[PDB]
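A.B. asks: There's a structure below that I have some questions on.
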Amino acid sequence: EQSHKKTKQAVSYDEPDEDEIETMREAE
Amino acid sequence: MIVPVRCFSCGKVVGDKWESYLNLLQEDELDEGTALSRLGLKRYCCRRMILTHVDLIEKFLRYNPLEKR
Amino acid sequence: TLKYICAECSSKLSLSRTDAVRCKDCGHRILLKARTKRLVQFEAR
Amino acid sequence: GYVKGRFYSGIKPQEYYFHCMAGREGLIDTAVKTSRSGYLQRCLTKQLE
Amino acid sequence: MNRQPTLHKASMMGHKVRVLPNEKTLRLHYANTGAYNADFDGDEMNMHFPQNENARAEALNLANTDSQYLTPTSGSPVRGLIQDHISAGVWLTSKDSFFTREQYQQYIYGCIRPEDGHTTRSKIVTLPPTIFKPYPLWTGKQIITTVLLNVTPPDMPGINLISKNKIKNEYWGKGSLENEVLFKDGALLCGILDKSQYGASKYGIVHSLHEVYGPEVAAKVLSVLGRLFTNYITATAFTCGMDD
Amino acid sequence: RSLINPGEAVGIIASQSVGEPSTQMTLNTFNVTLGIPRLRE
Amino acid sequence: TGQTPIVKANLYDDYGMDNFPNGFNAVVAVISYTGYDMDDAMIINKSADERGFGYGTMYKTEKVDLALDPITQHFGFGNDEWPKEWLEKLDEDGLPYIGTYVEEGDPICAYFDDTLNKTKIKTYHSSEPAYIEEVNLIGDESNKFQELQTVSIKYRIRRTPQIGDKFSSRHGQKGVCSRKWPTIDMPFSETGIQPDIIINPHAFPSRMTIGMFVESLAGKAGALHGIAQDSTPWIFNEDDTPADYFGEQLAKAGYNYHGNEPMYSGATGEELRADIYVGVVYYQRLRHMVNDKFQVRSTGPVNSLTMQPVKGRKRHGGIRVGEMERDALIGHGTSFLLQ
Amino acid sequence: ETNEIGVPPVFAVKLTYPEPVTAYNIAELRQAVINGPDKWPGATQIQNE
Amino acid sequence: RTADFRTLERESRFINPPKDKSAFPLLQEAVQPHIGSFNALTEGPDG
Amino acid sequence: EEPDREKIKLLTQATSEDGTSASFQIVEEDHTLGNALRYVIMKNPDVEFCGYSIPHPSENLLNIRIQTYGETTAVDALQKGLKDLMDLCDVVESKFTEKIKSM
Amino acid sequence: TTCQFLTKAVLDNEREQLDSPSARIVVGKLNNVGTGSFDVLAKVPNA
Amino acid sequence: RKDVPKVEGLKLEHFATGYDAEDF
Amino acid sequence: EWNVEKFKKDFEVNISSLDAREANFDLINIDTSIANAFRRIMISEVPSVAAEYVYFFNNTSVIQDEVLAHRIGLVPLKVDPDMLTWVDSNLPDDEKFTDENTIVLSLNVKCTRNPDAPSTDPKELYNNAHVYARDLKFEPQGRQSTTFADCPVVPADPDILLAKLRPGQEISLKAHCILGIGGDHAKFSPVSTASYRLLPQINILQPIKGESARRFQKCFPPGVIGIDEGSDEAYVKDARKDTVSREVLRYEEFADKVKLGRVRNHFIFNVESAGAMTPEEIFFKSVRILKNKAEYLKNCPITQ
Ligand SMILES: [Zn+2]
Ligand SMILES: [Zn+2]
């Protein structure tokens, strides 16, 4: 898993696909 | 595969001492240690070279696509 | 001297165009391409 | 789970299995940790650039 | 030089190119390990070559490594020597470590080369021996005094610092003061040098040098110490075994 | 002589100074919300 | 060069693991000397590597099938049309000579398709050059109408230990090859032996791999006396210590009880401060070649829409400067570096 | 040096800088031009006015 | 007196692959749940 | 005949105005000659400071610094060092030949 | 939500003053932070 | 618990550079 | 004050054993920098002859071409150098290899079957099954095929196993043996191991006579500690025979009553040859290389 991260040149700052996406699932 | 030519650590020729080592274990019925000493291997680096050799070449040769059966 | 070794009976038998890709001596469908006399340069390192 | 044994003298099989439990426990936490500082920093930097 | 993830600007610094013959990998000094958060476990780094003088000036004066000694997070150091050099220093600066004229001068030129612009006096200045009679002998701490004497400017006075060590006085025997790091007019007179002095640790010798003489001198001291301890570990090795 | 230079991107520096060390608190509790979940709140 | 472990559990024989050796017994010195070894980096002896220590080979097979019902593509060479010097790699049959050296771009096979009425070739493409080990022609899935369309070609890629390759003991102590240190520059023992592998002492205080420490004095004792030692777990006790057991063996052979050896510097030539911990440890060479993603681009191809360097290491592609690197360049206040 | 990077000769022969030719650097660049794109320190290209 | 390695025994078996029962039964006992599982698909009681 | 100019080089960026201190750079050399040459140069009563330094293992260079007191240049101290090492080797070669016969 | 913010911009008939680091990168203008926080002018002697 | 059996008749098998197993 | 003539007064050589392959000699009252220099030269700088370019025509054996070529290079050849000139790398292969720069060794072995009563021996069951170093036939070419008439090119160790074969397999190659140094490749190192060990020093601080003397004697190898009587103190008979195991220091009764050091001036060299040159020739050439290195720098212009 770290070998794939060792070669990939990141587009941005990781990804919010975890708990953050379910927190963003709240409309104003 | 086959016995390496020269000891990886110092460079003492070990390739001529493989068949001679088995003869000292079979015919002479000596122990592993004394057999290596008679071959002229006193450094533990040269000692392990022959002592630790597997010789997978004899297993590998049994597959011959040039001779039937 | 053209060569082709059979995978089963190990018979060295070469065959030209418009011929069945099978050994003559036995019914085997796999053939190993044999090594011919050709210079291959190498460094003893 | 109290191991009286040391790594110099060796550890008993009961102690070995218990050490295996505690040793793995940390690696399991590294596998189950959804919390990432990637998006948190990305949100601050875009508004503070 | 860039090591991803670039979590803070110290993970993207400006380095001076040194083309090394018969190489297939990017070579990096141990002082950079902290800032990039890069471990030599098969890690990869990106090298960018800016194509104009304005971009050059920026990578040499703003984003350059030497100007990134202290992180803006806490204002603490992120640059220092990491393992062999720390163990080498505890042995080299120990009271028991003595050196002959031949040995002493070798350790000096081994890490300080005037031709590479390491000196500030255009001639390697050397202290007198600590033992005159019977045999002329130099102490280990005197090598540290001589390295500073040749890398710090001649126009400015020597560094004055009273610091502490990670190693307690009890370990060095009865009545030792070897925990108290003492620098008087740029001379190591008491105490050994730990991770707490030339590591990425606040209010150590390197940080104290950084505040008085600047970032360029502190960088020179780090590279000089880094070479000295590498050369010292080559002449005087360090090992770990069952006896320990 | 210790004054911050006009032009210094204190914005990015601040977010980097909060982001980069918040990677060190990815590990779970050994009542109140701590680490990254509290920082997210 | 596979080797049987001196230090081993007796279950190694019970599973006949000697039929498939996984490593080699090496002279390993726990020393900080070169300065290139530190935490995740270890040193390999140049003269050891030159003598075939830890040498490996990698075999890759390719299937050249002509299917994409009437036969159009035929293995061999078409008449009247023949591009210059192709006969150097392929034989009269269009198949390559088994043993031939091939680089990316070289022809790996030859055929002729009647639809285009031209003699075409299937090119070999990889950053690593190879030699042909095996060429097998397979003409199956037919009763009486037989003609070859499928051929299996095996490549032999020689892999000498390179700077970056990982090596590890049987105690989970992996490290990348930092450098291939010359034997003259290597520290030399009192016996006249220079270690094959150098492990840094700063690796052990954090990992706590004491199994390797006892493996070192056990392997040395077994190399001298010529006897394999049992390293099966829970064989030894708190009262019956292996450090004492192999320590007694080391003293009986004529060496230091605590597994140390008086070593001399390769540079200065002088005897080192204290005796270095040296022994025989079974080392394993990990299959991965870490510098596989090694690239450099000055001015290569660009995508039509963005007019930006295209993605692809082998395609002379560009390194991405992402949002985080953008943020870092804003961070330094270095506007021309960002530009 | 702690402020340096060890660049492999592979990268050194590919990575180039557009250096404008002047009276103060005519000597340095003439050698680079003679050396060419495979001998370091060389030059891969020359841009006319 | 020791827990030695078979050197003479090994090399003889390399040249002479046994014609009787295979050596290392534990190796066949390792694949016992796989082979046995597929064996029970046709052979055994109830067909 | 043509003498090689790439071997020994005087680093003018470090040479004393006149004439005692200088740094010399030798190609295709290391510890072998380096430590032996600085040892012999240090026996000179006029040599104040002497040591050797290898800039980097990958680059085939050897640096030797000679700082002397007055009445002798660094170049003379180097020339004396080389002249004495040659004579030292002759002594070793002579004594070894004699003991071979003495056997 | 690139198209959503763009729609809101068009409907406002908004003028992007190109003063944010992001906006400057979009139009290829030098960032106003650090070295971009001023202008460099050359002193010329002839009238 | 039975102790690990020591190896029978273990002799010296390492000496100086120019010294063999002449000394018994 | 150190003079080169004052060095001649104190410098001594002692030859303990001088065999045809290995020589054990001592260098007394010499510096570490000079002793280590010769050691480094004997391994890396003394030129030797070894196979460099193996030209394969056929290899149907189990052993890969690269591996078989590398093994031939490792085989030391009983060839005296100085007979060969150094090869130039810039000119092409047709001008590169000459009768003065290169030595050719051919290997042509074909395996067949033999009828014998059957575990059965490979030398009985097959013909030309095992390929040895002695099977590398010397082929003298060009202007000089008479210079190697009384000196035939034969490997130093002939019984070295190079390859193992089964009937049908064949090996056909032409190996080009050239002159090279040990620093480039270990195959060119003329020494099996050239190493020195400092003379062990045992500084006895107390008389330690009696039964403790017999206990002290067992801490060192048999021929090291000698005891006069029960009294008359405990002396060091031959400190050279010591293995430096520090066994005496791991005992409370001797840990403070004895010191273990060395004689920094005294070096015990042990030089074993691969088979091409005698161990003396290898040491003499090492001293000749160090002198030539200092001589080349002496008659050289100091540029810039
Ligand atoms: Zn050896
Ligand atoms: Zn057939």
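The way I read the labels, and the way they are meant: chains A, B, ... in the order of the structure tokens, residue 1 as the first residue of every chain, and ligand 1 as the first ligand shown, with later ones counted on from there.
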Which residues sit within 10 Å of ligand 2, counting only C-alpha atoms and all ligand atoms, listed as a count of residues only?

C.D. replies: 20

A.B. asks: If you run DSSP over the backbone, which residues in chain A end up helix (DSSP H, G or I)? Put them as an MDAnalysis selection string.

C.D. replies: chainID A and resid 2:7 20:23

A.B. asks: Convert the current residue selection to file output with N, CA and C atoms, as a PDB file, in the first residue's frame.

C.D. replies:
```
ATOM      1  N   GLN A   2       2.004   1.256   0.712  1.00  0.00           N
ATOM      2  CA  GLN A   2       2.915   2.400   0.794  1.00  0.00           C
ATOM      3  C   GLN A   2       3.733   2.531  -0.490  1.00  0.00           C
ATOM      4  N   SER A   3       3.895   1.423  -1.248  1.00  0.00           N
ATOM      5  CA  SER A   3       4.617   1.400  -2.523  1.00  0.00           C
ATOM      6  C   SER A   3       3.850   2.186  -3.594  1.00  0.00           C
ATOM      7  N   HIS A   4       2.500   2.162  -3.536  1.00  0.00           N
ATOM      8  CA  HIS A   4       1.637   2.909  -4.456  1.00  0.00           C
ATOM      9  C   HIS A   4       1.671   4.396  -4.104  1.00  0.00           C
ATOM     10  N   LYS A   5       1.805   4.725  -2.800  1.00  0.00           N
ATOM     11  CA  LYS A   5       1.909   6.105  -2.311  1.00  0.00           C
ATOM     12  C   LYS A   5       3.317   6.653  -2.569  1.00  0.00           C
ATOM     13  N   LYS A   6       4.316   5.744  -2.628  1.00  0.00           N
ATOM     14  CA  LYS A   6       5.731   6.016  -2.890  1.00  0.00           C
ATOM     15  C   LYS A   6       5.931   6.537  -4.323  1.00  0.00           C
ATOM     16  N   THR A   7       5.080   6.104  -5.283  1.00  0.00           N
ATOM     17  CA  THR A   7       5.185   6.487  -6.697  1.00  0.00           C
ATOM     18  C   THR A   7       4.209   7.606  -7.109  1.00  0.00           C
ATOM     19  N   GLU A  20     -15.839  12.750   7.400  1.00  0.00           N
ATOM     20  CA  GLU A  20     -15.966  14.126   6.906  1.00  0.00           C
ATOM     21  C   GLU A  20     -17.075  14.254   5.854  1.00  0.00           C
ATOM     22  N   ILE A  21     -17.207  13.254   4.952  1.00  0.00           N
ATOM     23  CA  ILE A  21     -18.226  13.227   3.892  1.00  0.00           C
ATOM     24  C   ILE A  21     -19.631  13.084   4.489  1.00  0.00           C
ATOM     25  N   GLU A  22     -19.770  12.302   5.582  1.00  0.00           N
ATOM     26  CA  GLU A  22     -21.049  12.094   6.264  1.00  0.00           C
ATOM     27  C   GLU A  22     -21.413  13.312   7.136  1.00  0.00           C
ATOM     28  N   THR A  23     -20.409  14.143   7.495  1.00  0.00           N
ATOM     29  CA  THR A  23     -20.594  15.380   8.260  1.00  0.00           C
ATOM     30  C   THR A  23     -21.062  16.478   7.287  1.00  0.00           C
TER      31      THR A  23
END
```

A.B. asks: Which residues sit within 10 Å of ligand 1, counting only C-alpha atoms and all ligand atoms, listed as an MDAnalysis selection string?

C.D. replies: (chainID B and resid 6:14 41:49) or (chainID G and resid 27 191:194) or (chainID M and resid 192:193)

A.B. asks: Go through G:318, G:182, G:99, G:333 and flag the residue nearest chain J, using only C-alpha atoms for the distances.

C.D. replies: G:182

A.B. asks: What is the CA of residue 158 (chain M) to CA of residue 132 (chain M) distance in Å?

C.D. replies: 6.7 Å

A.B. asks: Can you write out as a tab-separated table which residues of chain I fall within 12 Å of chain B, alongside each residue's closest atom pair and its distance in Å to one decimal, counting only C-alpha atoms and ordering rows by chain and ascending residue number?

C.D. replies:
```
residue	atom	partner	partner_atom	distance
I:2	CA	B:31	CA	11.9
I:4	CA	B:32	CA	9.7
I:5	CA	B:52	CA	9.2
I:6	CA	B:54	CA	10.3
I:7	CA	B:54	CA	8.0
I:8	CA	B:22	CA	7.0
I:9	CA	B:26	CA	10.4
I:10	CA	B:54	CA	8.3
I:11	CA	B:55	CA	7.4
I:12	CA	B:58	CA	9.4
I:13	CA	B:59	CA	8.7
I:14	CA	B:59	CA	5.0
I:15	CA	B:58	CA	5.8
I:16	CA	B:59	CA	9.0
I:17	CA	B:59	CA	8.8
```

A.B. asks: May I have the residues of chain G within 6 Å of chain E, counting only C-alpha atoms, written as a compact mmCIF listing (two decimals) with N, CA, C and O atoms, in the first residue's frame?

C.D. replies:
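iface.txt, written as the output of this step:
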```txt
# COMPACT_ATOMS: atom_id res chain seq x y z
N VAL G 30 27.85 -5.54 13.26
CA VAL G 30 27.00 -4.49 13.82
C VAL G 30 27.93 -3.30 14.05
O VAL G 30 28.53 -3.19 15.12
N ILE G 31 28.12 -2.47 13.02
CA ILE G 31 29.08 -1.37 13.10
C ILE G 31 28.59 -0.10 12.39
O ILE G 31 27.90 -0.17 11.37
N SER G 32 28.95 1.06 12.96
CA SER G 32 28.72 2.38 12.39
C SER G 32 30.11 2.86 12.02
O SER G 32 30.91 3.20 12.89
N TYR G 33 30.44 2.75 10.73
CA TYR G 33 31.78 3.03 10.25
C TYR G 33 31.78 3.92 8.99
O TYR G 33 32.44 4.96 8.98
N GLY G 35 29.28 5.67 7.47
CA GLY G 35 28.54 6.92 7.63
C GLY G 35 27.35 7.01 6.70
O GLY G 35 26.53 7.92 6.83
N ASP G 40 17.50 3.06 8.35
CA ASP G 40 16.83 2.32 7.28
C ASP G 40 17.80 1.99 6.13
O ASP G 40 17.38 1.45 5.11
N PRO G 201 24.44 0.00 14.38
CA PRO G 201 24.02 -0.35 15.75
C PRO G 201 22.78 0.40 16.23
O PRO G 201 22.08 -0.10 17.10
N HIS G 258 31.62 -12.83 24.25
CA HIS G 258 30.54 -11.88 24.02
C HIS G 258 30.32 -11.56 22.52
O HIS G 258 29.67 -10.56 22.20
N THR G 268 42.27 4.70 7.97
CA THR G 268 43.44 5.04 8.78
C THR G 268 44.36 3.83 8.97
O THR G 268 45.58 4.00 9.05
N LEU G 272 40.38 -0.01 15.79
CA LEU G 272 39.21 0.75 16.24
C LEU G 272 39.12 0.76 17.77
O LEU G 272 39.68 -0.14 18.42
N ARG G 273 38.47 1.79 18.34
CA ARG G 273 38.30 2.05 19.78
C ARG G 273 38.01 0.77 20.59
O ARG G 273 38.77 0.45 21.50
N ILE G 276 34.43 -4.89 17.70
CA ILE G 276 33.17 -4.83 16.95
C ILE G 276 32.44 -6.16 17.02
O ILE G 276 33.06 -7.21 16.93
N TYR G 277 31.10 -6.09 17.17
CA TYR G 277 30.23 -7.26 17.22
C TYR G 277 30.04 -7.81 15.80
O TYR G 277 29.38 -7.18 14.97
N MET G 324 -0.73 21.34 -2.68
CA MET G 324 0.10 21.40 -1.47
C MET G 324 1.44 22.07 -1.73
O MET G 324 1.95 22.77 -0.85
N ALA G 328 2.85 25.57 -0.40
CA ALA G 328 4.21 25.71 0.14
C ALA G 328 4.96 26.86 -0.53
O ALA G 328 5.67 27.60 0.16
N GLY G 331 3.61 29.90 0.83
CA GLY G 331 4.16 29.91 2.18
C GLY G 331 5.48 30.64 2.32
O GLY G 331 5.62 31.50 3.20
N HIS G 332 6.46 30.32 1.45
CA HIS G 332 7.77 30.99 1.48
C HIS G 332 7.68 32.46 1.02
O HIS G 332 8.63 33.22 1.22
N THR G 334 7.47 33.19 -2.04
CA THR G 334 8.36 33.00 -3.18
C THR G 334 7.51 32.96 -4.49
O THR G 334 7.39 31.92 -5.15
N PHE G 336 7.98 34.10 -7.57
CA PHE G 336 8.61 33.78 -8.85
C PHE G 336 8.83 32.28 -9.02
O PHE G 336 8.88 31.82 -10.16
N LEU G 337 8.95 31.53 -7.90
CA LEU G 337 9.10 30.07 -7.93
C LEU G 337 7.76 29.45 -8.29
O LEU G 337 7.71 28.46 -9.02
```

A.B. asks: Which residues are near residue 19 (chain C)? Cut-off 12 Å, only C-alpha atoms, ignore same chain within fewer than 2 positions. Put them as a ChimeraX atom specification.

C.D. replies: /C:14-17,21-24 /G:139,144-148

A.B. asks: Find the residues near residue 74 (chain M): any atom within 9 Å, counting only C-alpha atoms, skip ones fewer than 6 places away on the same chain, and give them as an mmCIF file with C-alpha atoms, in the first residue's frame.

C.D. replies:
```
data_model
loop_
_atom_site.group_PDB
_atom_site.id
_atom_site.type_symbol
_atom_site.label_atom_id
_atom_site.label_comp_id
_atom_site.auth_asym_id
_atom_site.auth_seq_id
_atom_site.Cartn_x
_atom_site.Cartn_y
_atom_site.Cartn_z
ATOM 1 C CA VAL B 5 34.177 -19.745 -7.335
ATOM 2 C CA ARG B 6 36.037 -17.907 -4.462
ATOM 3 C CA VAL B 13 38.919 -20.383 -4.177
ATOM 4 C CA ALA C 44 32.778 -11.697 -17.255
ATOM 5 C CA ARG C 45 31.312 -9.462 -14.453
ATOM 6 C CA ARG G 51 32.043 -12.361 -6.337
ATOM 7 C CA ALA M 50 41.445 -12.639 -15.372
ATOM 8 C CA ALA M 51 38.788 -13.374 -18.069
ATOM 9 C CA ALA M 186 37.487 -8.660 -7.104
ATOM 10 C CA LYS M 187 38.268 -11.134 -9.981
ATOM 11 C CA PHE M 188 41.467 -9.088 -10.632
#
```

A.B. asks: How many Å separate CA of residue 9 (chain H) from CA of residue 179 (chain G)?

C.D. replies: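 Pair CA of residue 9 (chain H) / CA of residue 179 (chain G) returns 16.6 Å.
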
A.B. asks: Mind giving me the straight-line distance from CA of residue 86 (chain E) to CA of residue 137 (chain E) in Å, one decimal?

C.D. replies: 24.0 Å

A.B. asks: Got a sec to pull out which chain C residues are within 9 Å of chain M, counting only C-alpha atoms, and send them as a list in words?

C.D. replies: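 Interface list for chain C against chain M: residues 34, 35, 36, 37, 38, 39, 40, 41, 42, 43, 44 and 45 of chain C.
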
A.B. asks: Would you list, as a PyMOL selection string, the residues of region 71-215 of chain M that end up in strand (DSSP E or B) under DSSP run on this structure's backbone?

C.D. replies: chain M and resi 77+103-110+112-113+126-127+130-132+137-139+155+161-164+170-180+191-204

A.B. asks: Determine which residues of chain H sit within 12 Å of chain J, taking into account only C-alpha atoms, and present them as a ChimeraX atom specification.

C.D. replies: /H:1,6-9

A.B. asks: How about saving the chosen residues, N, CA, C and O atoms kept, as an mmCIF file, in the first residue's frame?

C.D. replies:
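The file below, result.cif, is the result:
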```
data_model
loop_
_atom_site.group_PDB
_atom_site.id
_atom_site.type_symbol
_atom_site.label_atom_id
_atom_site.label_comp_id
_atom_site.auth_asym_id
_atom_site.auth_seq_id
_atom_site.Cartn_x
_atom_site.Cartn_y
_atom_site.Cartn_z
ATOM 1 N N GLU H 1 27.327 18.884 1.604
ATOM 2 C CA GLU H 1 26.913 19.947 2.525
ATOM 3 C C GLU H 1 25.443 19.766 2.918
ATOM 4 O O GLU H 1 24.661 19.195 2.149
ATOM 5 N N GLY H 6 22.897 15.761 -3.918
ATOM 6 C CA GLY H 6 23.715 14.929 -4.788
ATOM 7 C C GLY H 6 22.928 14.560 -6.024
ATOM 8 O O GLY H 6 22.015 13.729 -5.953
ATOM 9 N N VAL H 7 23.249 15.209 -7.156
ATOM 10 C CA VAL H 7 22.527 15.002 -8.408
ATOM 11 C C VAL H 7 23.232 13.932 -9.268
ATOM 12 O O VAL H 7 24.414 14.099 -9.592
ATOM 13 N N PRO H 8 22.506 12.842 -9.659
ATOM 14 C CA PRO H 8 23.114 11.821 -10.534
ATOM 15 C C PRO H 8 23.496 12.414 -11.895
ATOM 16 O O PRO H 8 22.773 13.287 -12.387
ATOM 17 N N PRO H 9 24.613 11.968 -12.524
ATOM 18 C CA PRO H 9 25.012 12.548 -13.827
ATOM 19 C C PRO H 9 23.963 12.384 -14.935
ATOM 20 O O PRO H 9 24.002 13.134 -15.908
#
```

A.B. asks: Residues of chain J that approach chain M to 10 Å or less, counting only C-alpha atoms: could you list each one with the shortest pair of atoms and its distance in Å to one decimal, rows by chain and increasing residue number, as CSV?

C.D. replies:
```
residue,atom,partner,partner_atom,distance
J:3,CA,M:300,CA,6.5
J:4,CA,M:300,CA,6.8
J:5,CA,M:301,CA,6.0
J:6,CA,M:303,CA,7.7
J:7,CA,M:297,CA,7.7
J:8,CA,M:302,CA,5.5
J:9,CA,M:303,CA,4.8
J:10,CA,M:304,CA,5.6
J:11,CA,M:304,CA,6.9
J:12,CA,M:304,CA,6.5
J:13,CA,M:304,CA,9.8
J:24,CA,M:302,CA,8.5
J:25,CA,M:302,CA,9.5
J:26,CA,M:297,CA,8.7
J:29,CA,M:293,CA,9.1
J:31,CA,M:37,CA,7.7
J:32,CA,M:37,CA,4.6
J:33,CA,M:37,CA,6.8
J:34,CA,M:33,CA,8.6
J:35,CA,M:33,CA,5.4
J:36,CA,M:33,CA,4.7
J:37,CA,M:294,CA,8.3
J:38,CA,M:33,CA,9.0
J:39,CA,M:33,CA,7.1
J:40,CA,M:2,CA,9.1
J:42,CA,M:2,CA,9.8
J:43,CA,M:2,CA,6.0
J:44,CA,M:2,CA,7.9
J:45,CA,M:1,CA,7.7
J:75,CA,M:302,CA,8.6
J:78,CA,M:298,CA,8.5
J:79,CA,M:298,CA,6.1
J:80,CA,M:298,CA,8.9
J:81,CA,M:294,CA,8.5
J:82,CA,M:294,CA,5.0
J:83,CA,M:298,CA,7.2
J:84,CA,M:4,CA,6.6
J:85,CA,M:294,CA,6.8
J:86,CA,M:291,CA,4.8
J:87,CA,M:4,CA,6.8
J:88,CA,M:4,CA,6.1
J:89,CA,M:287,CA,6.0
J:90,CA,M:291,CA,8.0
J:91,CA,M:8,CA,6.1
J:92,CA,M:287,CA,7.6
J:93,CA,M:284,CA,6.7
J:94,CA,M:8,CA,9.6
J:95,CA,M:13,CA,6.6
J:96,CA,M:13,CA,6.3
J:97,CA,M:284,CA,9.0
J:98,CA,M:13,CA,9.0
J:99,CA,M:13,CA,6.7
J:100,CA,M:15,CA,7.7
J:102,CA,M:15,CA,9.4
J:103,CA,M:15,CA,7.6
```

A.B. asks: Need to verify the contact set: residue 22 (chain K), 9 Å, only C-alpha atoms, exclusion of same-chain residues closer than 5 positions in sequence. Can you return it as a list in words?

C.D. replies: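 Residues meeting the cut-off are residues 46 and 49 of chain D; 31 of chain K.
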
A.B. asks: Find the spatial neighbours of residue 9 (chain L), counting only C-alpha atoms, within a cut-off of 12 Å - ignore same-chain residues fewer than 6 positions away - and output them as an MDAnalysis selection string.

C.D. replies: (chainID B and resid 31 33) or (chainID G and resid 225 249 252:253) or (chainID I and resid 1:2)

A.B. asks: Since we have the selection now, will you write its residues out, keeping N, CA and C atoms, as a compact mmCIF listing (two decimals), in the first residue's frame?

C.D. replies:
```txt
# COMPACT_ATOMS: atom_id res chain seq x y z
N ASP B 31 33.43 -35.85 10.39
CA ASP B 31 32.43 -34.86 10.76
C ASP B 31 32.59 -33.63 9.86
N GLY B 33 33.06 -30.39 10.49
CA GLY B 33 34.17 -29.54 10.91
C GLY B 33 35.56 -29.96 10.48
N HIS G 225 32.99 -24.60 14.27
CA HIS G 225 32.93 -26.01 14.68
C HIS G 225 32.32 -26.92 13.60
N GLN G 249 30.67 -21.79 23.39
CA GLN G 249 31.06 -22.35 22.10
C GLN G 249 32.08 -21.46 21.41
N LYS G 252 35.42 -21.68 23.36
CA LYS G 252 36.02 -22.99 23.08
C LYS G 252 36.70 -23.02 21.71
N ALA G 253 36.13 -22.32 20.72
CA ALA G 253 36.66 -22.24 19.36
C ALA G 253 37.94 -21.39 19.30
N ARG I 1 24.52 -35.34 19.43
CA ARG I 1 25.07 -34.31 20.31
C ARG I 1 24.63 -32.90 19.89
N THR I 2 24.09 -32.76 18.66
CA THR I 2 23.65 -31.48 18.08
C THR I 2 22.32 -31.62 17.31
```
